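In structure tokens, the next block holds one chain alone, the form deposited in one PDB entry.
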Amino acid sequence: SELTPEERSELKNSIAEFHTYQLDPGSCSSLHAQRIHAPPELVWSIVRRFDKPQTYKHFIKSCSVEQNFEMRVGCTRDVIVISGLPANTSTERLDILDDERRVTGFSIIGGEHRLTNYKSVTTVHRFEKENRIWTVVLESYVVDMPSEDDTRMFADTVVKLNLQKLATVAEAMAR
């Protein structure tokens, strides 16, 4: 369940525009994709909701935002992760929200974990071939490379699961 040459071709321009980074030495990047057999805007409605990432993020326990919270670039959230993980909390600034083009992204700017300078971008993309509408989501990130330990593996495993749960959650709401 990875993207076909055609989906790849269609998404080539989105990758160039939102998922291409100028790396700092000592940093790395990753790109993940997820087909979702559901409508784009449904997917998009969950992805944009920067105050409720628990809706589709596997390992989030709770997420609080400030009083009278309004969703704008520069606003933060404090995420608490579930028990038994090697992280407790994360605090995150929304770096992008384009409802027109369906692009968000955020940076992890503190918390009790070991990701250093993590920033990701998430984009939702509509597909159609004779009466079948479906969605592909792309998510990329940049982080610092890490004696101990193993932040890339953590990041890849977490985004992959979140993308699988996103799909599961949105395909249900397509009820």
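Throughout, we count residues from 1 along the sequence that is shown. Just so we're on the same page, rigid core means the largest C-alpha set that superposes within 1.5 Å between forms.
The same protein also has a form deposited in another entry, omitted here; what follows describes it.
The residue among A38, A33, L115, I46 whose Cα moves by 2 angstroms or more between the shown form and the other one, once the core is superposed, is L115.
Once the cores line up, the CA of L97 ends up less than 2 angstroms apart between the shown form and the other one. After superposing the rigid core, the C-alpha of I80 moves by less than 2 Å between the shown form and the other one.
With a change of no less than 3 Å, the CA-CA distance between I108 and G84 is smaller in the other form than in the form shown. The pair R114 and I108 approaches in the other form: their C-alpha atoms are at least 3 Å nearer to each other than in the form depicted.
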